[PDB]
2 protein chains.
Amino acid sequence: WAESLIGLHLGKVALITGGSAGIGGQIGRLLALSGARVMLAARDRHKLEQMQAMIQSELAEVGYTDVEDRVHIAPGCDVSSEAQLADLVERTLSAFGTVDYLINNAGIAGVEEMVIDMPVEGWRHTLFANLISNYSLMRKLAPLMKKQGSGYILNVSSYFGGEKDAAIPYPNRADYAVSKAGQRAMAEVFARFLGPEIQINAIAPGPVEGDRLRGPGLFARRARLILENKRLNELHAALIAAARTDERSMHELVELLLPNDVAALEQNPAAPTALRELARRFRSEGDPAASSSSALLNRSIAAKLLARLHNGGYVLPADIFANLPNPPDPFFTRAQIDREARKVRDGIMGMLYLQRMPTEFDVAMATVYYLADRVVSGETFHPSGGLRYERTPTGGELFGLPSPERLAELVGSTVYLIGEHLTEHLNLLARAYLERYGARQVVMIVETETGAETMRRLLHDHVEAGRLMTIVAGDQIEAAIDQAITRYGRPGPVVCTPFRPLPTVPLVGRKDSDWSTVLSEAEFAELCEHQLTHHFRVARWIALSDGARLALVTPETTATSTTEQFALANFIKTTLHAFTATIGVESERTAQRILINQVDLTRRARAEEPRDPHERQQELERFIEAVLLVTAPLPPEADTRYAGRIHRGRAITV
Amino acid sequence: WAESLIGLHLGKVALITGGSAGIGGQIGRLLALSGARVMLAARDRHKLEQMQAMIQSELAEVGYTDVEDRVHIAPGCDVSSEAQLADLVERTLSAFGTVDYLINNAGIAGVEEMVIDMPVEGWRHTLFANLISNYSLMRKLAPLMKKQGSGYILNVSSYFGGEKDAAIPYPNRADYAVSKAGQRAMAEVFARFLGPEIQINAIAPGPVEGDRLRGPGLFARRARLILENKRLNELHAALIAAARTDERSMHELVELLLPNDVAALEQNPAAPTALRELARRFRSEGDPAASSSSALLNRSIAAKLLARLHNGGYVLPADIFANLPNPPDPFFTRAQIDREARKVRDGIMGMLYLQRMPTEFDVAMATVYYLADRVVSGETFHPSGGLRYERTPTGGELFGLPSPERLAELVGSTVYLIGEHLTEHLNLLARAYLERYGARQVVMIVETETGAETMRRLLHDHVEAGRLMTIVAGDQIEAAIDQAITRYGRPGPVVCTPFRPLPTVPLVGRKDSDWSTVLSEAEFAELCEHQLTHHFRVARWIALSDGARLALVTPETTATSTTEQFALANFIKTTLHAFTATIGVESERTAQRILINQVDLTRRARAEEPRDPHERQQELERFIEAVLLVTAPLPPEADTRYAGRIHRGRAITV
Ligand SMILES: NC(=O)c1ccc[n+]([C@@H]2O[C@H](COP(=O)([O-])OP(=O)(O)OC[C@H]3O[C@@H](n4cnc5c(N)ncnc54)[C@H](OP(=O)(O)O)[C@@H]3O)[C@@H](O)[C@H]2O)c1
Ligand SMILES: NC(=O)c1ccc[n+]([C@@H]2O[C@H](COP(=O)([O-])OP(=O)(O)OC[C@H]3O[C@@H](n4cnc5c(N)ncnc54)[C@H](OP(=O)(O)O)[C@@H]3O)[C@@H](O)[C@H]2O)c1
């Protein structure tokens with residue numbers, strides 16, 4: 001079977017991250033059988049040595065000599081650490097010289113939580129390990145590839161990273177979905193800069209049979225979260241619903257859960273109907289051996305609940321769940337978790353056209369044959385069948401304005417605008433809301449005092465009339481939104497624009513250059529912070545603000561933007577669609593059920609941009625219409641199952 | 001080099017259409033070296049024998065025995081002929097038994113004209129050869145594949161067939177682009193039915209170095225058309241412009257071109273400014289050795305011009321260009337055609353990220369490795385780099401209503417509605433136009449008298465008031481539009497809905513069945529006639545009707561549509577986007593510059609469909625808004641280069 005591999009990749013040096021197990025282990029193994037010298041990078045030393053030994057043995061059986069020189073290892077390499085990536089490259093270069101193939105395979109599962117329960121640092125950690133690491137390794141190895149006249153960058157993405165012009169929601173996995181989408185987008189936008197010497201593609205496999213999924217594996221962990229998230233979401237919504245029709249504070253309502261007894265809560269006449277009906281449901285649909293049928297929650301679900309309530313603005317002591325009786329193990333039975341795990345597996349098998357999952361060997365084989373193709377760049381290869389998940393087309397240009405009825409509902413509204421560098425857009429938008437649609441007030445949340453002064457001057461008349469308020473956020477956007485809430489009231493429309501413009505630096509260096517001016521690894525992390533994390537932070541906080549309609553706005557491209565700006569802006573556009581689409585679906589699972597959509601100021605081609613002042617004014621009017629379409633209120637009566645998903649997770653191009 | 005191929009496809013029977021040359025010749029050759037028994041199908045016998053001999057010789061050099069049994073030929077096989085496809089299968093089955101791989105490689109260039117100059121039969125011929133032939137061959141070979149428990153259908157599509165959720169315009173190649181898009185869509189929708197036994201994918205190569213493109217090849221033919229279409233479009237527009245400001249009939253204006261002398265026309269004081277400025281330009285920008293600088297046209301361009309004028313409704317004798325002096329050869333010089341051909345080549349090389357074209361061997365190699373992958377279905381593999389052409393995202397759901405100003409311009413308008421089976425949609429739309437937007441009249445163009453009576457009854461009040469007229473088109477839609485023009489005046493909005501519903505037959509048969517109830521090869525041709533050719537015919541005619549705004553409406557899917565209806569409707573949706581996007585770009589090249597866009601009543605998932613009467617009414621209101629958005633007039637002042645392309649070739653999902 002290995003005879004088709006002999007000489008396929010002979011004379012090539014390949015670097016494989018996550019090379020000690022899974023798909024990466026198989027890629028490294030098959031590249032070695034193909035004639036390549038491979039460097040396998042991962043954290044655990046033993047796992048790497050075991051894999052190195054297995055490959056070296058196979059290579060000897062096949063007929064290779066000096067097998068120790070063909071398979072090297074780089075232990076203690078966590079891809080989320082920049083210093084560890086710099087050490088990887090130095091170790092690889094000293095061992096084999098110039099790297100031909102950079103296989104960006106490592107990809108952590110991530111936080112595995114809904115955005116509202118996702119810590120910001122946990123989201124940053126996923127981006128560092130799965131996305132930023134890919135640029136960092138390319139930045140270090142592409143100068144040597146360009147100098148020798150050839151190279152290959154392969155990013156191992158996923159079916160759940162979506163596609164060109166379509167986003168795929170991945171509920172509970174937004175950080176992961178964004179990182180996968182960014183790996184594909186990197187191949188798409190850097191292709192033109194890296195060519196003709198370097199090829200850059202992505203692989204997007206569908207679900208793969210192996211340790212990651214089988215194990216507690218991804219399926220078993222997803223099963224436990226389904227049951228944990230079900231208990232959390234049901235408690236959260238019922239407490240929010242009770243708060244609307246009850247005189248007691250959230251503190252007093254949460255106190256009713258302290259005996260942590262499902263039966264006692266159901267039988268409590270002093271408890272609101274919403275909480276009593278909830279207790280009825282827990283005992284009625286639960287496993288009697290599971291303590292989750294007799295107890296409302298454990299300290300872990302209690303901590304997730306408290307954090308949601310605190311983020312939502314409810315005043316509760318941090319020690320409210322300190323004396324909470326801990327339920328005896330198991331909270332969820334083996335029977336419950338296994339039933340849920342098999343339902344996850346069956347659902348995936350039913351979606352696959354071939355009704356079978358590939359093995360890691362199957363994916364790696366297809367990838368290794370694909371790597372021999374020298375005439376393709378900027379593409380996403382699908383080595384295995386994808387699912388039947390919802391695809392959200394991104395980039396619709398033909399749209400109108402919402403109905404006059406929806407527009408009339410903006411009269412007396414509270415509008416929040418977030419931004420700084422887009423001064424024209426912010427001034428035009430605040431004026432349309434106050435002058436055309438009779439909004440009561442606009443709260444202009446800027447980054448700096450210089451930004452606050454620029455806006456107060458541009459909007460002087462509305463400032464003096466008390467119609468426009470300014471807040472300086474700095475790097476504390478959540479606390480600034482909390483200041484906006486206490487001081488001016490909860491918002492209706494929320495327009496989130498980036499505080500920073502895109503950088504204007506080269507994306508590749510000249511063949512004989514040191515690449516010293518090229519976008520650094522730190523600058524790429526900064527692009528992600530300002531153009532991705534910025535919106536994630538706002539969306540995470542605004543998702544618990546009842547009645548909000550959030551518009552996530554991407555950077556602006558013009559007829560005079562540099563080619564590098566076009567690349568980075570299109571990289572952002574695509575990566576953010578994954579986030580917008582995922583949180584769009586997650587919103588339906590919460591009691592607030594806010595609207596979240598994306599308005600794109602970025603286009604693919606320079607030719608499509610306005611060229612004269614009339615065309616510029618048309619573009620600026622389209623921006624107002626696009627923002628109004630996603631921020632006008634969708635009446636409760638109209639928010640049906642059908643119309644609800646139409647008004648969430650969409651992206652429109654100005 | 002062939003050692004990596006040994007045993008890769010051993011024990012497989014492959015059928016390759018267009019197997020005597022190009023990419024197909026290389027696929028057959030490489031499949032044979034891989035261990036497969038190959039049947040090569042094409043028209044010319046000599047070309048097939050030459051290829052068969054070359055492969056058999058290589059096979060012997062590599063070490064194979066009984067080489068004559070491994071490579072067979074099927075001459076006189078034109079894929080556009082159904083009878084010839086039935087003979088192909090019988091010949092292949094008798095030679096090697098069950099076919100494992102059906103390689104649908106044959107793909108004719110097509111008509112190579114703008115839609116307005118594209119004969120309807122020429123468009124049908126491309127669909128028969130490039131698309132219908134693919135279903136026909138699958139219909140004959142898939143029962144044997146399913147019975148043996150394995151099979152593979154590979155459709156050779158193109159980069160110019162677009163992608164999932166994105167259309168790519170291919171000006172002058174609409175028939176070809178549609179056929180390519182349909183080959184990809186076939187893989188996408190049949191995957192779930194054909195699995196788990198049969199795999200179905202498409203390959204979408206970008207431009208390929210070879211005889212097709214080099215030759216007179218595709219580049220040289222495209223160069224000659226650029227110069228021919230330039231002379232035709234410039235003459236056509238100038239004659240249309242002159243007709244607006246001149247007292248003379250089109251007949252009398254065309255008479256000024258009869259001396260066929262560029263100099264005499266420029267120097268003619270009796271000729272309108274538009275024609276005199278045009279003559280100035282021909283002499284000024286022309287090659288002096290080319291008779292196109294001294295003569296206005298030849299009989300070929302004169303025939304294309306006359307046909308446009310006749311289709312546009314101008315009264316001219318068929319013999320107007322009978323006595324036209326024929327210009328001496330060359331009409332366009334070698335220097336002119338070569339300059340244009342190299343500009344086509346340079347433009348393609350500049351768009352390719354790798355700045356190089358693959359060879360036929362490169363594409364075929366990548367394809368043959370791809371064919372070994374057993375764990376992927378419903379995908380489009382890109383074996384070579386694509387261009388940087390405009391991508392039109394298709395399926396935007398978030399849209400509003402046009403401005404009240406644009407809406408107010410519908411007062412007193414002439415509306416044409418084309419349809420029959422969508423009775424609810426036609427009645428609702430005609431009522432909105434007449435009752436809500438004060439349109440003067442609606443002309444309801446149906447297929448049959450039974451359809452006319454159904455509509456006259458549903459719209460009885462508007463019929464009696466003289467506000468709703470009915471026309472019975474039959475299979476003569478162009479003549480019916482001409483009857484509408486003479487009798488009721490030229491239209492503003494034109495809503496083109498299919499006359500026929502989608503069939504409700506199985507798409508695959510049971511493993512042990514005869515497949516006798518499965519959608520036949522004739523029924524698939526009929527689907528294409530009613531759901532693709534129907535809109536093409538209307539769009540081809542309406543493109544010359546000044547002031548028209550055309551909406552192409554796809555079939556309807558509901559929460560109760562069969563799974564087969566969902567597949568065929570999604571097949572249509574995607575295939576039509578290619579047409580809409582192409583004609584969208586072509587419209588800018590004409591003097592009429594009408595709007596053409598697509599409104600989709602088809603969705604990908606059943607779950608997205610309305611489930612109750614309230615959700616159904618919301619869906620029906622969205623249909624009205626979507627149609628209004630594409631049929632409200634775009635004022636001349638607003639039709640800028642920027643805003644013009646935004647309002648053409650788009651597709652929105654209801
Ligand atoms: N499995 C699927 O169904 C599937 C489908 C589509 C896409 N993918 C993608 O395919 C890639 C590989 O997936 P897989 O299934 O092979 O995953 P896996 O089994 O989890 O991969 C584990 C490998 O990655 C290493 N690794 C884990 N965390 C690391 C870190 N922080 N830094 C460096 N190495 C690390 C592991 O060793 P250490 O723990 O010692 O570091 C081991 O070598 C990922 O990019 C994933 O997103 C997977
Ligand atoms: N070339 C490119 O740049 C490119 C790029 C993307 C996609 N494609 C696609 O790739 C496929 C093959 O293209 P190619 O470049 O190899 O084309 P090609 O050189 O024109 O292919 C010619 C081959 O097809 C046969 N053929 C032509 N018309 C036929 C008909 N009516 N019935 C049966 N066989 C017929 C020819 O033999 P006879 O004349 O004897 O019949 C010969 O075997 C097509 O589907 C094309 O759309 C090509």
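Below, chains carry the letters A, B, ... as their sequence lines are ordered, and counting in each starts from 1.
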Point to revise | With B:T448 via side chain to side chain donor-acceptor pair (under 3.5 Å) - residues at least two apart | key: B:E420

Practice item. Check step by step if ring pair (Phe, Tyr, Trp, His ring centres under 6.0 Å) holds for B:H72 and B:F96. Key: CA-CA 9 Å; B:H72 280 214; B:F96 313 124; 4.8 Å; yes

Point to revise | Pair listing, ring pair (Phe, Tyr, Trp, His ring centres under 6.0 Å) test, anchored in residues 128-149 of chain B, at least two apart | key: B:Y135-B:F190, B:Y135-B:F524

Review point. Yes or no on side chain to side chain contact (heavy atoms under 4.5 Å, CB included) for B:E586 and B:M118, after CA distance, side-chain angles and deciding distance?
Key: CA-CA 12 Å; B:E586 288 180 6; B:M118 182 175 297; over 6 Å; no

Point to revise | B:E163 vs B:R391, salt bridge (charged side-chain N to carboxylate O under 4.0 Å, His left out): CA-CA, chis, key distance, verdict | key: CA-CA 9 Å; B:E163 252 301 5; B:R391 325 176 63 85; 5.9 Å; no

**Study point:** Heavy-atom side-chain contact between B:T98 and B:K147 under 4.5 Å
**Key:** no

Point to revise | Check against side chain to side chain contact (heavy atoms under 4.5 Å, CB included), B:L131 and B:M186 | key: CA-CA 9 Å; B:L131 176 58; B:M186 186 180 305; 3.9 Å; yes

Check residues 473-482 of chain B and write down every donor-acceptor pair under 3.5 Å in which the side-chain atom is one partner and the other belongs to a residue at least two apart or another chain.
unit_1: B:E478; atom_1: OE1; unit_2: B:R537; atom_2: NH2; d: 2.9
unit_1: B:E478; atom_1: OE2; unit_2: B:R537; atom_2: NE; d: 3.0
unit_1: B:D482; atom_1: OD1; unit_2: B:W541; atom_2: NE1; d: 3.0

Check your understanding: Testing B:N104, B:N134, B:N130, B:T380 for side-chain hydrogen bond (donor to acceptor under 3.5 Å, both in side chains) with B:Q183, which one passes?
Key -> B:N134

Practice item. May I ask you to say whether B:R221 pairs ionically with B:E228, meaning some side-chain N is under 4.0 Å from a carboxylate O? Key: no

Exercise for review: Might you confirm whether atom CZ of B:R374 has over 12 heavy atoms from other residues, nucleotides or ligands at distances under 6.0 Å?
Suggested key: yes

Review point. Does a side-chain heavy-atom distance below 4.5 Å link B:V518 with B:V508?
Key: no

Review point. Given B:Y101, which of B:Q199, B:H9, B:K12 fulfils the side-chain hydrogen bond (donor to acceptor under 3.5 Å, both in side chains) condition?
Key: B:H9

Practice item. Check the pair B:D100 / B:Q148 against side chain to side chain contact (heavy atoms under 4.5 Å, CB included), numbers first and verdict last. Key: CA-CA 9 Å; B:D100 296 294; B:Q148 74 164 4; 2.9 Å; yes

Review point. Taking the side chain from A:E379 and the backbone from B:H382, do they hold a donor-acceptor pair closer than 3.5 Å?
Key: no

Practice item. Would you mind reporting whether B:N570 and B:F566 have side-chain heavy atoms less than 4.5 Å apart? Key: yes

Please tabulate, one pair per line, all N/O donor-acceptor pairs under 3.5 Å involving side-chain atoms of residues 42-49 of chain B, not counting sequence neighbours.
unit_1: B:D44; atom_1: OD2; unit_2: B:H46; atom_2: N; d: 3.4
unit_1: B:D44; atom_1: OD2; unit_2: B:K47; atom_2: N; d: 2.8
unit_1: B:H46; atom_1: NE2; unit_2: B:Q50; atom_2: OE1; d: 3.1

Review point. Any donor-acceptor pair under 3.5 Å linking the side chain of B:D175 with the backbone of B:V111?
Key: yes

Check your understanding: Under the side chain to side chain donor-acceptor pair (under 3.5 Å) test, which residues partner B:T533, sequence neighbours left out?
Key -> B:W123

Exercise for review: Answer yes or no: does atom CZ of B:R214 have more than 12 heavy-atom neighbours from other residues, nucleotides or ligands under 6.0 Å?
Suggested key: no

Study note, to complete from the structure: Tested for salt bridge (charged side-chain N to carboxylate O under 4.0 Å, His left out) against B:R500, the lone hit among B:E556, B:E529, B:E526, B:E447 is B:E447

Point to revise | Electrostatic pair B:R212-B:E360, nearest N-O below 4.0 angstrom | key: no

Review point. With a 4.5 Å limit on heavy-atom distance, are the side chains of B:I652 and B:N597 in contact?
Key: no

Check your understanding: With sequence neighbours excluded, what pairs up with B:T653 under the side chain to side chain contact (heavy atoms under 4.5 Å, CB included) test?
Key -> B:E397, B:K573, B:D600, B:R603

Check your understanding: With B:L15, which of B:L93, B:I103, B:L141, B:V38 fulfils side chain to side chain contact (heavy atoms under 4.5 Å, CB included)?
Key -> B:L141

